[PDB]
Amino acid sequence: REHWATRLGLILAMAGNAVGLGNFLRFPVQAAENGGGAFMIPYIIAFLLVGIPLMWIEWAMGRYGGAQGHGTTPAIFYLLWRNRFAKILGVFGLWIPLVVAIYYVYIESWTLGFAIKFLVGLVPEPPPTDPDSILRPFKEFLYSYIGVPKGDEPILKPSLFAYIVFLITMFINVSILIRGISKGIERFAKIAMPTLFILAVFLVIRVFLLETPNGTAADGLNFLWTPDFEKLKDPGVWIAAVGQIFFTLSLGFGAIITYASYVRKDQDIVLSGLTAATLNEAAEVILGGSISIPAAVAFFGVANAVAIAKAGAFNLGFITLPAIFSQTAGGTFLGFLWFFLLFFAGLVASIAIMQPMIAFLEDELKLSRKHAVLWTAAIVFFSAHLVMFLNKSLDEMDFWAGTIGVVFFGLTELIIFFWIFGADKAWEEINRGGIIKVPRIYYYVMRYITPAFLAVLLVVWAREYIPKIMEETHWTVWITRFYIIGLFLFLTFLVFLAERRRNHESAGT
Ligand code: NA
């Protein structure tokens with residue numbers, strides 16, 4: 001049973017577990033939509049009150065579980081709280097990261113293919129003042145890549161290039177994963193993370209060199225870090241912030257769990273945990289935030305940039321930014337560094353979220369790692385044809401898995417641990433082996449404040465928001481829902497087969 005070779009590599013694998021497209025694509029959008037410093041106050045408080053305490057919880061659960069030879073939730077949950085219903089609530093730990101992995105690798109597939117075309121100079125050349133005559137070639141460029149419908153039909157038809165780049169991205173994930181935890185993953189994490197922070201810093205610097213009549217890049221800064229204290233009363237903001245906090249730290253993914261289960265029993269989660277997190281927060285609020293937004297706020301001024309991120313998630317990353325760059329000396333290459341940064345950022349993140357499914361096939365169904373990975377790739381590859389060819393199918397999985405399910409699972413796994421399993425046994429399992437220890441106040445966050453946050457939020461969500469989604473939507477949503485439900489069923493059948501194999505051989509041995 002594998003463990004992390006070196007401590008730094010651990011932290012670097014854990015920081016790359018958190019760090020990814022969320023730092024770069026996602027964060028700028030959620031902050032732009034939610035109005036800068038109006039988003040940050042919630043984001044920070046959520047970080048302390050939710051992200052922080054939740055990460056230690058997931059850490060401990062992973063380590064505690066790995067000690068018993070179990071990396072995933074369906075197993076671990078049985079241990080903390082003994083039930084057939086503990087296993088069932090644990091199937092969300094396989095399900096969330098799987099469904100997320102489905103559309104996530106595909107979006108990272110985009111970054112790779114763009115970086116490729118952007119290097120070789122296959123990008124479009126805009127006409128030598130007007131923003132729309134500028135952004136359009138790139139809008140068309142992305143739309144041509146992912147095959148956005150020209151018709152009414154909710155039907156995507158990606159390019160032969162995008163398709164093959166996905167197969168490649170899939171291969172590259174396999175190649176990292178098939179070498180295991182220390183050899184495959186921990187190596188790459190040591191390479192990638194510095195390789196990442198360097199590319200980011202360079203871009204941050206190079207982006208600060210932008211000025212137009214419309215603004216400096218220091219305009220975007222003071223938009224992001226200067227509060228609106230009135231929006232403190234707006235629930236949608238608080239809902240947006242925690243959605244970022246979860247997604248950013250890979251909370252509720254059953255990710256931190258699986259990785260941490262390869263931590264040796266004695267090893268400190270209480271420092272390495274905090275470190276890899278504070279690394280991500282750097283890659284988010286410091287690096288990630290200081291690139292995409294300030295560039296647009298510089299070119300188009302604030303209000304227009306804010307209007308671009310509302311117009312789509314991929315507007316800023318895949319369209320606006322490379323467009324801005326093309327107005328500068330060697331901007332096509334500076335674009336390649338953008339998408340190259342993204343690929344490497346998503347590659348550390350994607351190998352993390354495909355692991356839980358792999359660790360399961362290993363720890364439970366007793367599959368060779370080679371086999372665990374191939375099938376995990378096969379399932380993800382196949383299932384994603386839905387995301388690729390069906391319009392807005394991507395939106396659906398993001399909502400159920402990486403939006404709702406993550407919060408549902410976070411509160412769930414906090415309850416199972418800090419309540420059912422009991423407070424102090426958990427409080428011990430955390431600080432145990434710790435190089436340093438969790439502040440006494442954080443005991444009382446984990447027990448009360450944290451779940452009080454998630455429960456109340458999950459209310460203000462369900463009551464004041466959700467039904468419109470479940471109602472107003474086009475009927476193609478039921479195709480994704482159908483499938484990803486049959487994924488839960490499929491997974492539950494494996495949890496079933498696992499406990500059956502357990503019952504049979506344990507009676508013979
Ligand atoms: Na992130």
# chains A, B, ... in the order shown; residues from 1 in each chain; ligands from 1
>>> residues_around(residues="residue A:227", least_positions_apart="2", cutoff="12 Å", atoms="only C-alpha atoms", output="ChimeraX atom specification")
/A:31,34-43,221-225,229-232
>>> write_last_selection(atoms="N, CA and C atoms", output="short mmCIF file (atom, residue, chain, number, x, y, z; two decimals), in the first residue's frame")
data_model
loop_
_atom_site.label_atom_id
_atom_site.label_comp_id
_atom_site.auth_asym_id
_atom_site.auth_seq_id
_atom_site.Cartn_x
_atom_site.Cartn_y
_atom_site.Cartn_z
N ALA A 31 -15.86 36.59 -9.18
CA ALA A 31 -15.51 37.86 -8.56
C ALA A 31 -16.01 39.04 -9.38
N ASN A 34 -19.84 39.20 -9.11
CA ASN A 34 -20.24 39.56 -7.75
C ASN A 34 -19.65 40.89 -7.25
N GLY A 35 -18.97 41.60 -8.15
CA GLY A 35 -18.54 42.96 -7.88
C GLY A 35 -17.35 43.18 -6.96
N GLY A 36 -16.26 42.46 -7.19
CA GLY A 36 -14.99 42.78 -6.55
C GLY A 36 -14.95 42.56 -5.05
N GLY A 37 -14.64 43.62 -4.31
CA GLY A 37 -14.48 43.54 -2.87
C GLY A 37 -15.76 43.13 -2.16
N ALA A 38 -16.87 43.13 -2.89
CA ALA A 38 -18.12 42.61 -2.36
C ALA A 38 -18.04 41.09 -2.26
N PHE A 39 -17.31 40.48 -3.18
CA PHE A 39 -17.10 39.04 -3.21
C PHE A 39 -16.01 38.59 -2.23
N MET A 40 -15.02 39.45 -2.00
CA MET A 40 -13.84 39.08 -1.22
C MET A 40 -14.11 38.92 0.28
N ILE A 41 -14.91 39.81 0.86
CA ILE A 41 -15.23 39.71 2.28
C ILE A 41 -15.88 38.36 2.61
N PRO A 42 -16.91 37.96 1.83
CA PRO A 42 -17.49 36.62 1.97
C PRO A 42 -16.47 35.52 1.67
N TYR A 43 -15.69 35.70 0.60
CA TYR A 43 -14.70 34.71 0.20
C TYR A 43 -13.70 34.43 1.32
N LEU A 221 -7.33 45.95 -10.14
CA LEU A 221 -6.93 45.62 -8.78
C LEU A 221 -7.87 46.26 -7.77
N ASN A 222 -8.01 47.58 -7.87
CA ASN A 222 -8.82 48.34 -6.94
C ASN A 222 -10.32 48.08 -7.12
N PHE A 223 -10.67 47.38 -8.19
CA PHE A 223 -12.03 46.90 -8.36
C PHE A 223 -12.24 45.64 -7.52
N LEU A 224 -11.23 44.79 -7.51
CA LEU A 224 -11.29 43.51 -6.83
C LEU A 224 -11.09 43.63 -5.32
N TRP A 225 -10.13 44.45 -4.91
CA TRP A 225 -9.78 44.55 -3.49
C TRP A 225 -10.47 45.68 -2.72
N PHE A 229 -19.79 47.32 0.81
CA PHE A 229 -20.20 46.76 2.08
C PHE A 229 -21.71 46.56 2.10
N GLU A 230 -22.37 47.10 1.08
CA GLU A 230 -23.81 46.98 0.95
C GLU A 230 -24.19 45.61 0.41
N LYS A 231 -23.34 45.05 -0.44
CA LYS A 231 -23.58 43.73 -1.01
C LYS A 231 -23.38 42.63 0.03
N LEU A 232 -22.89 43.01 1.21
CA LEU A 232 -22.76 42.07 2.32
C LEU A 232 -24.11 41.49 2.70
#
>>> select_by_dssp(residues="stretch 359-477 of chain A", states="helix (DSSP H, G or I)", output="number ranges by chain")
A: 359-363, 369-389, 393-420, 423-431, 441-464, 467-472, 477
>>> closest_residue(among="A:4, A:57, A:246, A:177", to="ligand 1", atoms="only C-alpha atoms and all ligand atoms")
A:246
>>> residues_around(residues="residue A:333", least_positions_apart="4", cutoff="9 Å", atoms="only C-alpha atoms", output="VMD selection string")
chain A and resid 115 118 to 121 325 337 to 338
>>> atom_distance(atom1="atom CA of residue A:47", atom2="atom CA of residue A:438")
15.2 Å
>>> atom_distance(atom1="atom CA of residue A:454", atom2="atom CA of residue A:411")
6.1 Å
>>> atom_distance(atom1="atom CA of residue A:6", atom2="atom CA of residue A:97")
25.6 Å
>>> closest_residue(among="A:297, A:279, A:342, A:491", to="residue A:74", atoms="only C-alpha atoms")
A:491
>>> residues_around(residues="residue A:76", least_positions_apart="5", cutoff="9 Å", atoms="only C-alpha atoms", output="PyMOL selection string")
chain A and resi 61-62+64-66+68+70-71+81+86-87+90
>>> residues_around(residues="residue A:308", least_positions_apart="4", cutoff="10 Å", atoms="only C-alpha atoms", output="number ranges by chain")
A: 29, 32-33, 296, 300, 303-304, 312-316, 319-320
>>> residues_near_ligand(ligand="ligand 1", cutoff="12 Å", atoms="only C-alpha atoms and all ligand atoms", output="number ranges by chain")
A: 14-28, 243-251, 276-285, 287-289, 342, 345-350, 352
>>> closest_residue(among="A:450, A:173, A:492, A:272", to="residue A:85", atoms="only C-alpha atoms")
A:492
